[PDB]
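Enquirer: I'm passing along protein.cif; it holds mmCIF, C-alpha atoms and all ligand atoms; chains and numbers go by the auth columns.
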```cif
data_upload
#
loop_
_atom_site.group_PDB
_atom_site.id
_atom_site.type_symbol
_atom_site.label_atom_id
_atom_site.label_comp_id
_atom_site.label_asym_id
_atom_site.label_seq_id
_atom_site.Cartn_x
_atom_site.Cartn_y
_atom_site.Cartn_z
_atom_site.B_iso_or_equiv
_atom_site.auth_seq_id
_atom_site.auth_asym_id
ATOM 1 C CA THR A 1 147.485 -58.770 126.175 0.00 26 A
ATOM 2 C CA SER A 2 144.129 -56.981 126.269 0.00 27 A
ATOM 3 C CA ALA A 3 142.354 -54.967 123.576 0.00 28 A
ATOM 4 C CA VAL A 4 143.268 -51.737 125.362 0.00 29 A
ATOM 5 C CA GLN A 5 146.902 -52.842 125.585 0.00 30 A
ATOM 6 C CA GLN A 6 146.902 -53.584 121.852 0.00 31 A
ATOM 7 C CA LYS A 7 145.587 -50.095 121.098 0.00 32 A
ATOM 8 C CA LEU A 8 148.220 -48.564 123.382 0.00 33 A
ATOM 9 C CA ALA A 9 150.896 -50.617 121.608 0.00 34 A
ATOM 10 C CA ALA A 10 149.725 -49.297 118.234 0.00 35 A
ATOM 11 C CA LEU A 11 149.803 -45.749 119.591 0.00 36 A
ATOM 12 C CA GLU A 12 153.309 -46.308 120.946 0.00 37 A
ATOM 13 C CA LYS A 13 154.507 -47.728 117.629 0.00 38 A
ATOM 14 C CA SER A 14 153.299 -44.604 115.819 0.00 39 A
ATOM 15 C CA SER A 15 154.870 -42.319 118.156 0.00 40 A
ATOM 16 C CA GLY A 16 158.451 -43.609 118.019 0.00 41 A
ATOM 17 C CA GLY A 17 158.875 -43.305 121.777 0.00 42 A
ATOM 18 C CA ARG A 18 158.279 -45.410 124.874 0.00 43 A
ATOM 19 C CA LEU A 19 154.885 -45.172 126.573 0.00 44 A
ATOM 20 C CA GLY A 20 153.935 -46.183 130.114 0.00 45 A
ATOM 21 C CA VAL A 21 150.366 -46.269 131.396 0.00 46 A
ATOM 22 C CA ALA A 22 148.699 -47.292 134.641 0.00 47 A
ATOM 23 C CA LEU A 23 144.983 -47.015 135.347 0.00 48 A
ATOM 24 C CA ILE A 24 143.274 -47.763 138.631 0.00 49 A
ATOM 25 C CA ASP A 25 139.479 -47.857 138.501 0.00 50 A
ATOM 26 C CA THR A 26 138.299 -47.411 142.090 0.00 51 A
ATOM 27 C CA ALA A 27 134.847 -48.734 141.186 0.00 52 A
ATOM 28 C CA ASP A 28 136.278 -52.253 141.451 0.00 53 A
ATOM 29 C CA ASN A 29 139.967 -51.650 142.203 0.00 54 A
ATOM 30 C CA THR A 30 140.942 -53.108 138.831 0.00 55 A
ATOM 31 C CA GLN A 31 144.083 -52.032 136.970 0.00 56 A
ATOM 32 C CA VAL A 32 145.087 -51.584 133.345 0.00 57 A
ATOM 33 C CA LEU A 33 148.869 -51.482 132.763 0.00 59 A
ATOM 34 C CA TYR A 34 151.103 -50.821 129.781 0.00 60 A
ATOM 35 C CA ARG A 35 154.798 -51.136 130.551 0.00 61 A
ATOM 36 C CA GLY A 36 153.462 -50.738 134.080 0.00 62 A
ATOM 37 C CA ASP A 37 156.595 -52.084 135.759 0.00 63 A
ATOM 38 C CA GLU A 38 159.182 -50.316 133.596 0.00 64 A
ATOM 39 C CA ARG A 39 160.988 -47.299 135.036 0.00 65 A
ATOM 40 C CA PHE A 40 160.360 -43.833 133.609 0.00 66 A
ATOM 41 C CA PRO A 41 161.784 -40.432 134.546 0.00 67 A
ATOM 42 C CA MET A 42 159.131 -38.648 136.612 0.00 68 A
ATOM 43 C CA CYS A 43 160.297 -35.125 135.921 0.00 69 A
ATOM 44 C CA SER A 44 157.912 -32.603 137.507 0.00 70 A
ATOM 45 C CA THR A 45 155.295 -35.234 138.413 0.00 71 A
ATOM 46 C CA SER A 46 157.553 -35.887 141.411 0.00 72 A
ATOM 47 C CA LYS A 47 156.316 -32.588 142.858 0.00 73 A
ATOM 48 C CA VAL A 48 153.147 -34.318 144.061 0.00 74 A
ATOM 49 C CA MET A 49 155.202 -36.481 146.428 0.00 75 A
ATOM 50 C CA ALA A 50 157.108 -33.456 147.753 0.00 76 A
ATOM 51 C CA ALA A 51 153.953 -31.414 148.359 0.00 77 A
ATOM 52 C CA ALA A 52 152.266 -34.404 150.005 0.00 78 A
ATOM 53 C CA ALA A 53 155.258 -34.895 152.315 0.00 79 A
ATOM 54 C CA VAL A 54 154.975 -31.292 153.506 0.00 80 A
ATOM 55 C CA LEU A 55 151.233 -31.777 153.983 0.00 81 A
ATOM 56 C CA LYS A 56 152.037 -34.801 156.162 0.00 82 A
ATOM 57 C CA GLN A 57 154.404 -32.661 158.240 0.00 83 A
ATOM 58 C CA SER A 58 151.627 -30.095 158.643 0.00 84 A
ATOM 59 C CA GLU A 59 149.460 -32.686 160.403 0.00 85 A
ATOM 60 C CA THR A 60 151.558 -32.236 163.551 0.00 86 A
ATOM 61 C CA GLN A 61 152.374 -28.568 162.959 0.00 87 A
ATOM 62 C CA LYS A 62 149.230 -26.481 162.579 0.00 88 A
ATOM 63 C CA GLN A 63 151.100 -23.374 161.433 0.00 89 A
ATOM 64 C CA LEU A 64 153.554 -25.047 159.065 0.00 90 A
ATOM 65 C CA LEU A 65 151.812 -24.067 155.825 0.00 91 A
ATOM 66 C CA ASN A 66 151.971 -20.425 156.954 0.00 92 A
ATOM 67 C CA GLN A 67 155.717 -20.643 157.597 0.00 93 A
ATOM 68 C CA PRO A 68 157.693 -18.124 155.524 0.00 94 A
ATOM 69 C CA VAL A 69 160.607 -19.256 153.373 0.00 95 A
ATOM 70 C CA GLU A 70 163.235 -16.812 152.117 0.00 96 A
ATOM 71 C CA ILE A 71 163.618 -16.516 148.351 0.00 97 A
ATOM 72 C CA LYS A 72 167.027 -15.218 147.263 0.00 98 A
ATOM 73 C CA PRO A 73 168.208 -14.229 143.768 0.00 99 A
ATOM 74 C CA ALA A 74 170.486 -17.276 143.734 0.00 100 A
ATOM 75 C CA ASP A 75 167.486 -19.558 144.309 0.00 101 A
ATOM 76 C CA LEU A 76 166.001 -18.928 140.869 0.00 102 A
ATOM 77 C CA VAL A 77 166.526 -21.702 138.333 0.00 103 A
ATOM 78 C CA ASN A 78 165.199 -22.371 134.818 0.00 104 A
ATOM 79 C CA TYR A 79 161.461 -21.826 135.343 0.00 105 A
ATOM 80 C CA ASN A 80 160.138 -19.889 138.325 0.00 106 A
ATOM 81 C CA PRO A 81 157.152 -17.722 137.362 0.00 107 A
ATOM 82 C CA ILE A 82 155.884 -17.364 140.935 0.00 108 A
ATOM 83 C CA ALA A 83 159.124 -17.386 142.939 0.00 109 A
ATOM 84 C CA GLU A 84 160.727 -14.634 140.850 0.00 110 A
ATOM 85 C CA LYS A 85 158.083 -12.220 142.156 0.00 111 A
ATOM 86 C CA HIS A 86 159.264 -12.871 145.712 0.00 112 A
ATOM 87 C CA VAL A 87 163.044 -12.615 145.391 0.00 113 A
ATOM 88 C CA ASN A 88 164.470 -10.790 148.412 0.00 114 A
ATOM 89 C CA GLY A 89 161.188 -11.648 150.099 0.00 115 A
ATOM 90 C CA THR A 90 159.393 -14.770 151.292 0.00 116 A
ATOM 91 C CA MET A 91 156.812 -17.338 150.284 0.00 117 A
ATOM 92 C CA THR A 92 154.836 -19.527 152.684 0.00 118 A
ATOM 93 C CA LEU A 93 154.999 -23.305 152.388 0.00 119 A
ATOM 94 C CA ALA A 94 151.375 -23.216 151.211 0.00 120 A
ATOM 95 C CA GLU A 95 152.317 -20.725 148.489 0.00 121 A
ATOM 96 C CA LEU A 96 155.319 -22.842 147.497 0.00 122 A
ATOM 97 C CA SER A 97 153.166 -25.974 147.343 0.00 123 A
ATOM 98 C CA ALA A 98 150.568 -24.282 145.129 0.00 124 A
ATOM 99 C CA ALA A 99 153.263 -22.761 142.910 0.00 125 A
ATOM 100 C CA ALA A 100 155.025 -26.110 142.507 0.00 126 A
ATOM 101 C CA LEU A 101 151.846 -28.057 141.749 0.00 127 A
ATOM 102 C CA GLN A 102 149.721 -25.598 139.786 0.00 128 A
ATOM 103 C CA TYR A 103 152.405 -23.697 137.854 0.00 129 A
ATOM 104 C CA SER A 104 155.275 -26.212 138.028 0.00 130 A
ATOM 105 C CA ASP A 105 157.542 -23.580 139.546 0.00 131 A
ATOM 106 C CA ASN A 106 160.921 -25.287 139.958 0.00 132 A
ATOM 107 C CA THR A 107 162.257 -22.917 142.621 0.00 133 A
ATOM 108 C CA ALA A 108 159.148 -23.720 144.657 0.00 134 A
ATOM 109 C CA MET A 109 159.838 -27.449 144.294 0.00 135 A
ATOM 110 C CA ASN A 110 163.402 -26.915 145.511 0.00 136 A
ATOM 111 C CA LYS A 111 162.092 -25.182 148.640 0.00 137 A
ATOM 112 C CA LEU A 112 159.777 -28.133 149.327 0.00 138 A
ATOM 113 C CA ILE A 113 162.708 -30.518 148.899 0.00 139 A
ATOM 114 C CA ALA A 114 164.817 -28.417 151.279 0.00 140 A
ATOM 115 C CA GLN A 115 162.006 -28.379 153.856 0.00 141 A
ATOM 116 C CA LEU A 116 162.154 -32.184 153.761 0.00 142 A
ATOM 117 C CA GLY A 117 165.934 -32.333 154.192 0.00 143 A
ATOM 118 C CA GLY A 118 166.827 -33.036 150.565 0.00 144 A
ATOM 119 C CA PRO A 119 165.719 -35.428 147.825 0.00 145 A
ATOM 120 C CA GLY A 120 166.161 -38.388 150.183 0.00 146 A
ATOM 121 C CA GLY A 121 163.513 -36.890 152.455 0.00 147 A
ATOM 122 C CA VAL A 122 160.964 -37.112 149.655 0.00 148 A
ATOM 123 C CA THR A 123 161.978 -40.720 149.027 0.00 149 A
ATOM 124 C CA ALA A 124 161.668 -41.458 152.749 0.00 150 A
ATOM 125 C CA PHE A 125 158.077 -40.195 152.698 0.00 151 A
ATOM 126 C CA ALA A 126 157.323 -42.412 149.697 0.00 152 A
ATOM 127 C CA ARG A 127 158.614 -45.421 151.639 0.00 153 A
ATOM 128 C CA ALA A 128 156.563 -44.425 154.688 0.00 154 A
ATOM 129 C CA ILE A 129 153.328 -44.618 152.679 0.00 155 A
ATOM 130 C CA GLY A 130 154.233 -47.951 151.132 0.00 156 A
ATOM 131 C CA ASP A 131 155.839 -46.907 147.845 0.00 157 A
ATOM 132 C CA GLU A 132 159.019 -48.953 147.464 0.00 158 A
ATOM 133 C CA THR A 133 159.653 -47.891 143.867 0.00 159 A
ATOM 134 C CA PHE A 134 159.717 -44.084 143.811 0.00 160 A
ATOM 135 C CA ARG A 135 163.124 -42.449 144.126 0.00 161 A
ATOM 136 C CA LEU A 136 164.045 -38.779 144.101 0.00 162 A
ATOM 137 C CA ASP A 137 167.772 -38.201 143.779 0.00 163 A
ATOM 138 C CA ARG A 138 168.220 -34.608 142.646 0.00 164 A
ATOM 139 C CA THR A 139 166.833 -31.085 142.855 0.00 165 A
ATOM 140 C CA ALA A 140 165.363 -29.105 139.959 0.00 166 A
ATOM 141 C CA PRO A 141 166.206 -28.735 137.269 0.00 167 A
ATOM 142 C CA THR A 142 168.567 -31.691 136.934 0.00 168 A
ATOM 143 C CA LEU A 143 165.907 -34.137 138.141 0.00 169 A
ATOM 144 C CA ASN A 144 164.515 -33.672 134.617 0.00 170 A
ATOM 145 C CA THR A 145 167.560 -34.847 132.626 0.00 171 A
ATOM 146 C CA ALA A 146 165.553 -37.979 131.803 0.00 172 A
ATOM 147 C CA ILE A 147 168.524 -39.912 130.412 0.00 173 A
ATOM 148 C CA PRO A 148 167.619 -43.365 129.078 0.00 174 A
ATOM 149 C CA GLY A 149 168.794 -46.105 131.442 0.00 175 A
ATOM 150 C CA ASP A 150 169.331 -43.690 134.330 0.00 176 A
ATOM 151 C CA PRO A 151 167.525 -44.884 137.473 0.00 177 A
ATOM 152 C CA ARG A 152 167.678 -41.485 139.182 0.00 178 A
ATOM 153 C CA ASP A 153 164.390 -39.672 139.733 0.00 179 A
ATOM 154 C CA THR A 154 162.315 -42.511 138.298 0.00 180 A
ATOM 155 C CA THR A 155 159.341 -44.624 139.205 0.00 181 A
ATOM 156 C CA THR A 156 157.011 -47.093 137.483 0.00 182 A
ATOM 157 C CA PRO A 157 153.505 -46.314 136.240 0.00 183 A
ATOM 158 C CA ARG A 158 152.018 -48.965 138.542 0.00 184 A
ATOM 159 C CA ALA A 159 153.785 -47.576 141.603 0.00 185 A
ATOM 160 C CA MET A 160 152.859 -43.949 140.936 0.00 186 A
ATOM 161 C CA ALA A 161 149.206 -44.778 140.262 0.00 187 A
ATOM 162 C CA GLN A 162 148.973 -46.680 143.547 0.00 188 A
ATOM 163 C CA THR A 163 150.633 -43.834 145.434 0.00 189 A
ATOM 164 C CA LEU A 164 148.513 -41.117 143.816 0.00 190 A
ATOM 165 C CA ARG A 165 145.410 -43.089 144.787 0.00 191 A
ATOM 166 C CA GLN A 166 146.546 -43.420 148.403 0.00 192 A
ATOM 167 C CA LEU A 167 147.324 -39.697 148.568 0.00 193 A
ATOM 168 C CA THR A 168 144.179 -38.283 146.954 0.00 194 A
ATOM 169 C CA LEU A 169 141.463 -40.889 147.551 0.00 195 A
ATOM 170 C CA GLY A 170 142.888 -43.010 150.377 0.00 196 A
ATOM 171 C CA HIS A 171 144.197 -42.324 153.860 0.00 197 A
ATOM 172 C CA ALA A 172 147.911 -41.622 153.435 0.00 198 A
ATOM 173 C CA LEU A 173 147.113 -38.053 154.489 0.00 199 A
ATOM 174 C CA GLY A 174 144.680 -36.660 157.050 0.00 200 A
ATOM 175 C CA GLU A 175 141.311 -35.627 155.667 0.00 201 A
ATOM 176 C CA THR A 176 141.988 -31.880 155.581 0.00 202 A
ATOM 177 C CA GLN A 177 145.373 -32.473 153.961 0.00 203 A
ATOM 178 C CA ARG A 178 143.958 -34.885 151.379 0.00 204 A
ATOM 179 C CA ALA A 179 141.306 -32.302 150.502 0.00 205 A
ATOM 180 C CA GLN A 180 143.985 -29.618 150.149 0.00 206 A
ATOM 181 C CA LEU A 181 146.052 -31.786 147.804 0.00 207 A
ATOM 182 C CA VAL A 182 142.995 -32.516 145.660 0.00 208 A
ATOM 183 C CA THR A 183 142.085 -28.821 145.572 0.00 209 A
ATOM 184 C CA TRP A 184 145.609 -27.965 144.413 0.00 210 A
ATOM 185 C CA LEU A 185 145.606 -30.636 141.690 0.00 211 A
ATOM 186 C CA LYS A 186 142.167 -29.584 140.429 0.00 212 A
ATOM 187 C CA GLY A 187 143.530 -26.040 140.080 0.00 213 A
ATOM 188 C CA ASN A 188 146.475 -27.044 137.896 0.00 214 A
ATOM 189 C CA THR A 189 147.084 -24.629 135.015 0.00 215 A
ATOM 190 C CA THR A 190 149.342 -26.793 132.850 0.00 216 A
ATOM 191 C CA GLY A 191 147.217 -29.836 132.104 0.00 217 A
ATOM 192 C CA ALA A 192 144.632 -29.138 129.407 0.00 218 A
ATOM 193 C CA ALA A 193 146.695 -30.543 126.506 0.00 219 A
ATOM 194 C CA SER A 194 147.620 -33.800 128.221 0.00 220 A
ATOM 195 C CA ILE A 195 145.407 -36.448 129.881 0.00 221 A
ATOM 196 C CA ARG A 196 142.503 -33.984 130.019 0.00 222 A
ATOM 197 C CA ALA A 197 142.597 -33.516 126.239 0.00 223 A
ATOM 198 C CA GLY A 198 141.720 -37.197 125.766 0.00 224 A
ATOM 199 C CA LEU A 199 138.744 -37.291 128.135 0.00 225 A
ATOM 200 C CA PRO A 200 135.114 -36.180 127.802 0.00 226 A
ATOM 201 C CA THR A 201 134.655 -32.546 128.809 0.00 227 A
ATOM 202 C CA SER A 202 132.171 -33.498 131.529 0.00 228 A
ATOM 203 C CA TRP A 203 134.832 -35.448 133.435 0.00 229 A
ATOM 204 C CA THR A 204 136.637 -33.593 136.216 0.00 230 A
ATOM 205 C CA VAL A 205 140.418 -33.855 136.392 0.00 231 A
ATOM 206 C CA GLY A 206 143.162 -32.927 138.803 0.00 232 A
ATOM 207 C CA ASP A 207 146.609 -33.554 137.411 0.00 233 A
ATOM 208 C CA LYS A 208 150.312 -32.792 137.511 0.00 234 A
ATOM 209 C CA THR A 209 152.354 -32.632 134.310 0.00 235 A
ATOM 210 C CA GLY A 210 156.059 -33.042 133.682 0.00 236 A
ATOM 211 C CA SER A 211 158.593 -32.466 130.926 0.00 237 A
ATOM 212 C CA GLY A 212 162.307 -33.043 130.396 0.00 238 A
ATOM 213 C CA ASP A 213 165.023 -33.888 128.004 0.00 240 A
ATOM 214 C CA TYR A 214 164.530 -36.779 125.573 0.00 241 A
ATOM 215 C CA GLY A 215 161.145 -35.307 124.700 0.00 242 A
ATOM 216 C CA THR A 216 159.880 -36.604 128.019 0.00 243 A
ATOM 217 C CA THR A 217 156.207 -35.798 128.438 0.00 244 A
ATOM 218 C CA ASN A 218 154.323 -36.919 131.545 0.00 245 A
ATOM 219 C CA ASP A 219 150.991 -36.512 133.321 0.00 246 A
ATOM 220 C CA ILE A 220 149.458 -38.076 136.425 0.00 247 A
ATOM 221 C CA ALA A 221 145.798 -37.509 137.174 0.00 248 A
ATOM 222 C CA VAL A 222 142.895 -38.260 139.442 0.00 249 A
ATOM 223 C CA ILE A 223 139.715 -38.330 137.393 0.00 250 A
ATOM 224 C CA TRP A 224 136.050 -38.087 138.353 0.00 251 A
ATOM 225 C CA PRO A 225 134.077 -39.422 135.374 0.00 252 A
ATOM 226 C CA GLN A 226 130.502 -38.576 134.684 0.00 254 A
ATOM 227 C CA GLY A 227 128.445 -40.956 136.808 0.00 255 A
ATOM 228 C CA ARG A 228 131.392 -43.147 137.781 0.00 256 A
ATOM 229 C CA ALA A 229 133.723 -43.756 140.721 0.00 257 A
ATOM 230 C CA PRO A 230 137.059 -41.967 140.432 0.00 258 A
ATOM 231 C CA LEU A 231 139.984 -43.172 138.342 0.00 259 A
ATOM 232 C CA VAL A 232 143.700 -42.720 138.789 0.00 260 A
ATOM 233 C CA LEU A 233 145.693 -42.502 135.563 0.00 261 A
ATOM 234 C CA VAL A 234 149.430 -42.237 134.962 0.00 262 A
ATOM 235 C CA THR A 235 150.807 -41.593 131.481 0.00 263 A
ATOM 236 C CA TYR A 236 154.562 -41.449 130.927 0.00 264 A
ATOM 237 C CA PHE A 237 156.308 -40.898 127.610 0.00 265 A
ATOM 238 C CA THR A 238 159.947 -40.568 126.604 0.00 266 A
ATOM 239 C CA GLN A 239 161.870 -40.612 123.343 0.00 267 A
ATOM 240 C CA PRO A 240 165.262 -41.757 122.069 0.00 268 A
ATOM 241 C CA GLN A 241 166.837 -38.417 121.143 0.00 269 A
ATOM 242 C CA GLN A 242 167.847 -35.807 123.708 0.00 270 A
ATOM 243 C CA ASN A 243 166.316 -32.851 121.854 0.00 271 A
ATOM 244 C CA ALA A 244 163.039 -34.530 120.901 0.00 272 A
ATOM 245 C CA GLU A 245 159.913 -32.359 121.045 0.00 273 A
ATOM 246 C CA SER A 246 157.167 -32.713 123.656 0.00 274 A
ATOM 247 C CA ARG A 247 154.247 -34.959 122.693 0.00 275 A
ATOM 248 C CA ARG A 248 151.352 -34.072 124.987 0.00 276 A
ATOM 249 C CA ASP A 249 149.052 -35.348 122.233 0.00 277 A
ATOM 250 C CA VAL A 250 150.364 -38.869 122.852 0.00 278 A
ATOM 251 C CA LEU A 251 149.254 -38.646 126.484 0.00 279 A
ATOM 252 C CA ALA A 252 145.848 -37.390 125.342 0.00 280 A
ATOM 253 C CA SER A 253 145.617 -40.315 122.916 0.00 281 A
ATOM 254 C CA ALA A 254 146.482 -42.801 125.664 0.00 282 A
ATOM 255 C CA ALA A 255 143.834 -41.278 127.933 0.00 283 A
ATOM 256 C CA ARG A 256 141.242 -41.479 125.151 0.00 284 A
ATOM 257 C CA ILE A 257 141.992 -45.171 124.600 0.00 285 A
ATOM 258 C CA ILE A 258 141.674 -45.802 128.340 0.00 286 A
ATOM 259 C CA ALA A 259 138.420 -43.838 128.549 0.00 287 A
ATOM 260 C CA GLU A 260 136.856 -45.668 125.606 0.00 288 A
ATOM 261 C CA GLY A 261 137.809 -49.018 127.132 0.00 289 A
ATOM 262 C CA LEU A 262 136.067 -48.497 130.466 0.00 290 A
HETATM 263 K K K B . 162.026 -31.292 126.291 0.00 301 B
#
```
Now that the file is in, can you turn its structure into structure tokens?

Expert:
Amino acid sequence: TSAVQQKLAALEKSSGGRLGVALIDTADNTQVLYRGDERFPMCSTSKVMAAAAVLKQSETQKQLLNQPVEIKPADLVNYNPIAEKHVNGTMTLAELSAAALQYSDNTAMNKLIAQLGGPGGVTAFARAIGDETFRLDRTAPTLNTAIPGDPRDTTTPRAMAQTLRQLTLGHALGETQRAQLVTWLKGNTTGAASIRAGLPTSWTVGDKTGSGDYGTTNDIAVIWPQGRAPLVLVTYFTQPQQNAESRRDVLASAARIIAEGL
């Protein structure tokens, strides 16, 4: 147990929930884990895998990201700020990817999942790029039920960190596609209260958040620190009671502890 792990344990104790953290520092490829091999519900952080899978498809179909997808009134779910503008019209797969990632539009995520042949298609992509832990089982919104003990729509912090690194900094995608994914993440709108809130302002972040029942509050980020090689940081958090409140501050606090321990 390291100093950083002891600080994260103290944070967890004061929070009353269960915290999972994985850092990869690409300066030396070293890792810092806290409950790194426990399963957590991904919620909307799973949207990175779906978007990446469609990017991979687009490597052998030049026009794919321009392909129109019909949005019907029945397609709208619980949170769909972009898709609801396009009901009885269309969005392109690029537009759906940006909406899913940057606004966490759930209807957009469901169109990505459909483009991949269902939740199993997203899992198949994960396996193809060497992630044996990720599983997507359901569409939105029910992929966010986040029930304790439920293996559906979960991964581990270690696994997600390794996959996010491969996607954004490694060679799981083609160069253009990797750049596009990083551009999308850097343009996230939802992130400022989470991992980013715990880091120095000068550090550049691209991230995807998630939320669900059981006060589940997630964020996965690729970080470019001032004067340092990039990091990849996963922070997962979930609480015992179904109607617990979000705790984005706990993610910020975890990020701060990680930053101060570099
Ligand atoms: K909630």

Enquirer: Could you check the closest approach to residue 140 in chain A for each of A:121, A:158, A:53, A:101 and tell me which residue wins, using all atoms listed in the file?

Expert: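 The answer is A:101, which sits nearest to residue 140 in chain A.
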
Enquirer: Taking all atoms listed in the file into account, report as a ChimeraX atom specification which residues have an atom no farther than 7 Å from an atom of ligand K 301 (chain B).

Expert: /A:237-238,240-243,271-274

Enquirer: Would you save the residues of that selection, restricted to C-alpha atoms, as an mmCIF file, in the frame of the given file?

Expert:
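File again-v5.cif, as written:
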```cif
data_model
loop_
_atom_site.group_PDB
_atom_site.id
_atom_site.type_symbol
_atom_site.label_atom_id
_atom_site.label_comp_id
_atom_site.auth_asym_id
_atom_site.auth_seq_id
_atom_site.Cartn_x
_atom_site.Cartn_y
_atom_site.Cartn_z
ATOM 1 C CA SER A 237 158.593 -32.466 130.926
ATOM 2 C CA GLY A 238 162.307 -33.043 130.396
ATOM 3 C CA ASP A 240 165.023 -33.888 128.004
ATOM 4 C CA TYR A 241 164.530 -36.779 125.573
ATOM 5 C CA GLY A 242 161.145 -35.307 124.700
ATOM 6 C CA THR A 243 159.880 -36.604 128.019
ATOM 7 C CA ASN A 271 166.316 -32.851 121.854
ATOM 8 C CA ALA A 272 163.039 -34.530 120.901
ATOM 9 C CA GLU A 273 159.913 -32.359 121.045
ATOM 10 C CA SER A 274 157.167 -32.713 123.656
#
```

Enquirer: What does the distance from CA of residue 191 in chain A to CA of residue 179 in chain A come to in Å, to one decimal?

Expert: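 The value is 19.9 Å.
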
Enquirer: May I ask which of the residues A:126, A:257, A:109, A:75 is the closest one to residue 213 in chain A, counting only C-alpha atoms?

Expert: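 Closest candidate: A:126.
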
Enquirer: Neighbouring residues of residue 283 in chain A were defined as those with any atom within 7 Å, considering all atoms listed in the file; residues of the same chain fewer than 2 positions away were excluded. Please report them as a ChimeraX atom specification.

Expert: /A:221,224-225,279-281,285-287

Enquirer: A:85, A:210, A:278, A:29: which is nearest residue 125 in chain A, counting all atoms listed in the file?

Expert: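 Result for the nearest residue to residue 125 in chain A: A:210.
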
Enquirer: Take the PyMOL selection byres (((chain A and resi 68) around 8) and not hetatm), run it mentally on this structure, and tell me the resulting residues as a PyMOL selection string.

Expert: chain A and resi 66-67+69-72+170+179-181+236+245+264

Enquirer: Evaluate the PyMOL selection byres (((chain A and resi 136) around 12) and not hetatm) and record the selected residues as a ChimeraX atom specification, following the chain and residue labels used in the document.

Expert: /A:70,72-73,76-77,95,97,101-106,109,119,122-123,125-126,130-135,137-145,148,162,164-169

Enquirer: Of the candidates A:124, A:117, A:185, A:247, which one gets nearest to residue 64 in chain A if we count all atoms listed in the file?

Expert: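 Checking each candidate against residue 64 in chain A, we get A:185 as the closest.
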
Enquirer: May I ask for the distance between CA of residue 86 in chain A and CA of residue 201 in chain A, given in Å to one decimal place?

Expert: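 The value is 13.4 Å.
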
Enquirer: Any chance you could resolve the PyMOL selection byres (((chain A and resi 268) around 7) and not hetatm) against this file and give the residues as a PyMOL selection string?

Expert: chain A and resi 42+241+267+269-270

Enquirer: For each of A:176, A:277, A:37, A:110, take the minimum atom-to-atom distance to residue 220 in chain A, counting all atoms listed in the file, then give the residue where this is smallest.

Expert: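 Closest residue, counting all atoms listed in the file: A:277.
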
Enquirer: Where atoms are absent from range 30-42 of chain A, fill them in so it carries N, CA and C atoms, then output it as a compact mmCIF listing (two decimals), in the frame of the given file.

Expert:
```txt
# COMPACT_ATOMS: atom_id res chain seq x y z
N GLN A 30 145.45 -52.76 125.67
CA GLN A 30 146.90 -52.84 125.58
C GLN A 30 147.36 -52.87 124.13
N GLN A 31 146.56 -53.49 123.27
CA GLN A 31 146.90 -53.58 121.85
C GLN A 31 146.75 -52.23 121.16
N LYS A 32 145.77 -51.45 121.60
CA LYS A 32 145.59 -50.10 121.10
C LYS A 32 146.72 -49.19 121.57
N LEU A 33 147.12 -49.35 122.83
CA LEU A 33 148.22 -48.56 123.38
C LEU A 33 149.55 -48.91 122.71
N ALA A 34 149.70 -50.18 122.32
CA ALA A 34 150.90 -50.62 121.61
C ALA A 34 150.96 -50.00 120.21
N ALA A 35 149.81 -49.92 119.55
CA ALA A 35 149.72 -49.30 118.23
C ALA A 35 150.05 -47.81 118.33
N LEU A 36 149.50 -47.15 119.33
CA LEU A 36 149.80 -45.75 119.59
C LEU A 36 151.30 -45.56 119.81
N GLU A 37 151.89 -46.41 120.65
CA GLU A 37 153.31 -46.31 120.95
C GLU A 37 154.14 -46.47 119.68
N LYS A 38 153.76 -47.44 118.85
CA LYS A 38 154.51 -47.73 117.63
C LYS A 38 154.54 -46.51 116.71
N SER A 39 153.43 -45.77 116.69
CA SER A 39 153.30 -44.60 115.82
C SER A 39 153.89 -43.36 116.48
N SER A 40 154.34 -43.51 117.49
CA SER A 40 154.87 -42.32 118.16
C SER A 40 156.40 -42.30 118.11
N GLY A 41 157.00 -43.48 118.13
CA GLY A 41 158.45 -43.61 118.02
C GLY A 41 159.14 -43.49 119.36
N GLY A 42 158.35 -43.31 120.41
CA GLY A 42 158.88 -43.30 121.78
C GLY A 42 158.41 -44.47 122.62
```
